[PDB]
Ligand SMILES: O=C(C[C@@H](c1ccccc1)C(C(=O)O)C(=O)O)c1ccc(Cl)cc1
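In the block that follows, a single chain appears as structure tokens, in the form deposited without this ligand.
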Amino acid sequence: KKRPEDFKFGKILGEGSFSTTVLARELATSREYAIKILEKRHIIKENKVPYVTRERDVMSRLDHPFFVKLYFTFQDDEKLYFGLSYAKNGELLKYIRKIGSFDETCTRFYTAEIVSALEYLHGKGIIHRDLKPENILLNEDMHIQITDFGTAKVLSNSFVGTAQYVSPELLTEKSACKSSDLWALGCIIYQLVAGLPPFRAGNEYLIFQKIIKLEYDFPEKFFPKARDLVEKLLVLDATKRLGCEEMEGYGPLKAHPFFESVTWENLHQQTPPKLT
């Protein structure tokens, strides 16, 4: 059972509320962990116990190379500590801004990884509900590591995620499902190819308003097969989105022509394409 004193804490990787992810090195092992630290007081005052509890519970059930791993938890008088894998290369968003937009080979590889992680997550009855390039981290090897499970839902209303990636049914029926993540997936693919997300406006109200009207368009040289896939994910009716249960799940989504050359079986052992 580990304690703060077992680690040399280093730089802050991110900050929330009263919250911090800190890079830490374990003294006994020299291993690096990204340690999420949460102030018990603020969790209690903000009624966030079900959320923090859900986060720990979902991450404990996840055992897949495209997800951040929970190695350990501990707590002191003030704080909860979660020891998480450390993704050295940061946010996918960093790479989208840096190189502007991805070529076709890079879009295909990283979409396939995300599709493959979703298949696993959805197969466990878990929906992410806030999927976005900020939450899709990159490891030392440039493979994805998805994170941020505080707001996830374990299937047996309430939380709406980041505006640009919100699906119409969330704005209209207060309902969330696996197709909510598939919508975010279409927004991410568009964002990889185009360099920016599809629904953009001056404020949230205006973005929500475009989302429910399906008011976006494709730039002229958008990869034709990627556009076709995006058009089958960005569908207002959540039961007609490629990848969902009503459309027979991941098999048809993975068979999409955009993925023709993908070997789905061992993506995390394939060498990723160089980002431009």
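In this text, residue numbers run from 1 along the sequence as written.
As for the form solved in complex with this ligand, it is not shown, yet the points below apply to it.
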* Given this ligand as it appears in the bound PDB entry, superposed onto the chain shown via the C-alphas lining its site, indicate whether the pocket is open or blocked by backbone or C-beta atoms at a 2.4 Å cut-off with 3 or more atoms counting as blocked. => open
* To do: Give a yes or no for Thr53: in the bound PDB entry, does one of its heavy atoms lie within 4.5 Å of a heavy atom belonging to this ligand?
  => yes
* To do: Answer with yes or no whether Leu171 is in contact with this ligand in the bound PDB entry, where contact means some heavy atom within 4.5 Å.
  => no
* Asked: Can any non-hydrogen atom of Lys40 be found within 4.5 angstroms of this ligand in the bound PDB entry?
  -> yes
* Does any heavy atom of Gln75 come within 4.5 Å of a heavy atom of this ligand in the bound PDB entry? -> yes
* Sort through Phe82, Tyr190, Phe102, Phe109 and report the residue having a heavy atom within 4.5 Å of this ligand in the bound PDB entry. => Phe82
* For the chain shown here without its partner, which stretch in 247 to 255, 213 to 221, 234 to 242, 53 to 61 has non-hydrogen atoms within 4.5 angstroms of this ligand in the bound PDB entry? -> 53 to 61
